[PDB]
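> Below is the structure I would like to discuss, written out as structure tokens.
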Amino acid sequence: XXXXXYX
Amino acid sequence: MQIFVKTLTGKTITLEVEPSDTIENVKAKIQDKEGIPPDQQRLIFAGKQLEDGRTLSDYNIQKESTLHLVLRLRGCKXX
Ligand SMILES: *[C@@H]1O[C@H](C(=O)O)[C@@H](O)[C@H](O)[C@H]1NC(=O)CCCCCCCCC(C)C
Ligand SMILES: *O[C@H]1O[C@H](CO)[C@@H](O)[C@H](O)[C@@H]1O
């Protein structure tokens with residue numbers, strides 16, 4: 001992980 | 001007893017319920033009628049958001065009472 005969103 | 005669940009979409013849902021029923025039950029019934037998953041439902045009565053697990057009598061909800069429904073899903077795809 002480490003990246004966010006939300007997709 | 002009978003109660004109403006209203007949205008600001010111009011929809012009123014009539015439900016037959018018992019004073020001993022929990023807010024969870026109520027959401028389940030709403031799911032039957034409208035197809036909205038309970039996790040996506042928020043119920044408001046008398047200026048308070050209602051918690052799954054408490055009963056209609058806890059909140060002094062009686063016949064002809066009107067709960068307000070609003071929808072809430074935060075995005076959960078990511079990390
Ligand atoms: C991030 O989302 C995770 C998830 O899988 O939904 C949660 O388990 C995790 O607890 C969440 N992290 C936080 O709530 C604090 C995040 C601080 C960094 C993000 C701040 C807001 C903007 C980002 C891009 C969402
Ligand atoms: O949101 C996650 O899936 C997406 C698929 O296009 C990626 O672009 C993104 O970086 C995350 O992995």
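Going through the structure tokens in order, the chains are called A, B, and so on, while each chain numbers its residues from 1 and the ligands are numbered from 1 in the order shown.
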Residues of chain B within 12 Å of ligand 1: nearest atom pair and distance (Å, one decimal) for each, counting only C-alpha atoms and all ligand atoms, sorted by chain and number, as a tab-separated table?

residue	atom	partner	partner_atom_place_in_ligand_line	distance
B:73	CA	ligand 1	6 (O)	11.8
B:74	CA	ligand 1	6 (O)	8.7
B:75	CA	ligand 1	6 (O)	7.5
B:76	CA	ligand 1	6 (O)	5.0
B:77	CA	ligand 1	6 (O)	7.1
B:78	CA	ligand 1	5 (O)	6.0
B:79	CA	ligand 1	5 (O)	4.7
> Counting only C-alpha atoms and all ligand atoms, what are the residues, protein, DNA or RNA alike, that approach ligand 2 to within 10 Å? I want them as an MDAnalysis selection string.
(chainID A and resid 1:7) or (chainID B and resid 77:79)
> Any chance you could export the current selection's N, CA, C and O atoms as a PDB file, in the first residue's frame?

ATOM      1  N   UNK A   1       0.903  -1.182   0.000  1.00  0.00           N
ATOM      2  CA  UNK A   1       0.000   0.000   0.000  1.00  0.00           C
ATOM      3  C   UNK A   1       0.923   1.207   0.000  1.00  0.00           C
ATOM      4  O   UNK A   1       2.003   1.106  -0.558  1.00  0.00           O
ATOM      5  N   UNK A   2       0.537   2.321   0.629  1.00  0.00           N
ATOM      6  CA  UNK A   2       1.403   3.517   0.672  1.00  0.00           C
ATOM      7  C   UNK A   2       0.934   4.604  -0.316  1.00  0.00           C
ATOM      8  O   UNK A   2       1.614   5.614  -0.495  1.00  0.00           O
ATOM      9  N   UNK A   3      -0.232   4.428  -0.941  1.00  0.00           N
ATOM     10  CA  UNK A   3      -0.584   5.321  -2.075  1.00  0.00           C
ATOM     11  C   UNK A   3      -1.973   6.043  -2.024  1.00  0.00           C
ATOM     12  O   UNK A   3      -2.095   7.094  -2.710  1.00  0.00           O
ATOM     13  N   UNK A   4      -2.963   5.524  -1.293  1.00  0.00           N
ATOM     14  CA  UNK A   4      -4.277   6.220  -1.148  1.00  0.00           C
ATOM     15  C   UNK A   4      -5.351   5.676  -2.102  1.00  0.00           C
ATOM     16  O   UNK A   4      -5.505   4.463  -2.247  1.00  0.00           O
ATOM     17  N   UNK A   5      -6.077   6.578  -2.761  1.00  0.00           N
ATOM     18  CA  UNK A   5      -7.365   6.218  -3.414  1.00  0.00           C
ATOM     19  C   UNK A   5      -8.361   7.407  -3.291  1.00  0.00           C
ATOM     20  O   UNK A   5      -7.926   8.554  -3.169  1.00  0.00           O
ATOM     21  N   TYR A   6      -9.672   7.147  -3.347  1.00  0.00           N
ATOM     22  CA  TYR A   6     -10.254   5.787  -3.490  1.00  0.00           C
ATOM     23  C   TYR A   6     -10.783   5.587  -4.919  1.00  0.00           C
ATOM     24  O   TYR A   6     -11.240   6.522  -5.575  1.00  0.00           O
ATOM     25  N   UNK A   7     -10.684   4.353  -5.401  1.00  0.00           N
ATOM     26  CA  UNK A   7     -10.642   4.122  -6.850  1.00  0.00           C
ATOM     27  C   UNK A   7     -12.024   3.815  -7.433  1.00  0.00           C
ATOM     28  O   UNK A   7     -12.925   3.377  -6.717  1.00  0.00           O
TER      29      UNK A   7
ATOM     30  N   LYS B  77     -11.687   1.232  -1.695  1.00  0.00           N
ATOM     31  CA  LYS B  77     -10.754   0.634  -2.654  1.00  0.00           C
ATOM     32  C   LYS B  77      -9.466   1.463  -2.735  1.00  0.00           C
ATOM     33  O   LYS B  77      -9.461   2.558  -3.297  1.00  0.00           O
ATOM     34  N   UNK B  78      -8.386   0.967  -2.141  1.00  0.00           N
ATOM     35  CA  UNK B  78      -7.090   1.687  -2.161  1.00  0.00           C
ATOM     36  C   UNK B  78      -6.275   1.283  -0.941  1.00  0.00           C
ATOM     37  O   UNK B  78      -6.623   0.267  -0.304  1.00  0.00           O
ATOM     38  N   UNK B  79      -5.226   2.036  -0.613  1.00  0.00           N
ATOM     39  CA  UNK B  79      -4.402   1.719   0.576  1.00  0.00           C
ATOM     40  C   UNK B  79      -2.951   2.160   0.376  1.00  0.00           C
ATOM     41  O   UNK B  79      -2.146   1.884   1.304  1.00  0.00           O
TER      42      UNK B  79
END
> Using atom CA of residue B:45 and atom CA of residue B:60 as the two end points, give the distance in Å to one decimal.
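Atom CA of residue B:60 lies 9.5 Å from atom CA of residue B:45.
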> For a test of reading the model, state the distance in Å between atom CA of residue B:35 and atom CA of residue B:67, rounded to one decimal.
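Computed distance, atom CA of residue B:35 to atom CA of residue B:67, equals 17.8 Å.
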